[PDB]
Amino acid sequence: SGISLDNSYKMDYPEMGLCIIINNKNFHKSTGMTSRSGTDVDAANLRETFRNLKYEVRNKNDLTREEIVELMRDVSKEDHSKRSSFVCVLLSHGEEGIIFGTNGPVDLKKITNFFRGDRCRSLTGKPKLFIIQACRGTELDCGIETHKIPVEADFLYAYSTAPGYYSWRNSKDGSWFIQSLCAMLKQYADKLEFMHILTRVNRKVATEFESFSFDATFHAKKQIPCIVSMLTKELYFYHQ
């Protein structure tokens, strides 16, 4: 045949892949973590967004740390041979490198390690997307007036916030980042490469949102999400 280029992931397998959404709203009374008002709006928005991109969405609610690990282990052991990609969305309380189960923390590395190139062979060479709405620390952004591949290759982490910073959530509309991610996927998934979609999500979050709080410590704050890509090809949700 004619000249061939290999610059984008093959996204025309029979299935796009799984989208696992872990939606932690209610935490054990024991932990003292507050209810994440708004998160059901995010989980519904993501389920619809990824449904229209032809992902097989599985929603899981209020999982303990043991259940999060068991779920991820089990999913990584499925045969993904006929799937183009894998997506996991984590909605919870967090700190840098950590996501909360309903009864305590899970290291993000423990979850993502199940999908390493050497450990989930039916996803080797395929994009593995982790979308993480959770805080990464307690900094506040006050803003300013305007023949082998690496086992860590082919992961993309779409974090809601910069390293070290809080991440904001609205009780009616959901988190700023997930609202914006879903809006941009709905508008641009049939038009733009994924990093360019995520750059529009960065701009939307950065420009359209600002906190409002009766506590001055937390008032008038800003957020920028953080795209961490170890991908090796362009990713388009559509194919020809």
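Sequential numbering from 1, following the sequence displayed.
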Please figure out whether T146 and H147 are truly consecutive in the deposited sequence or have unmodelled residues between them, and give none, 1 to 3, 4 to 9, or 10 or more.
10 or more
With reference to the PDB entry, specify whether the mean Cα temperature factor is higher for 4-12 or for 229-237.
4-12
Quick one: say whether 75-83 or 128-136 has the higher mean Cα B-factor in the deposited entry.
75-83
Residue selected from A153, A158, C120, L90 by maximal Cα B factor
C120
Residue set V205, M33, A189, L198, per-entry CA B-factor max assigned to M33
Select lowest, middle or highest to describe the third in which the CA B-factor of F50 falls within its chain in this entry.
lowest
In terms of its chain's C-alpha B-factors, the third that includes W176 is the lowest
Temperature factor at the Cα of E56, chain-ranked in thirds, falls in the middle
Using only modelled residues of the chain, where does the Cα B factor of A43 rank: lowest third, middle third or highest third?
middle
Using the temperature factors of the C-alpha atoms in this entry, rank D215 within its chain: lowest, middle or highest third.
middle
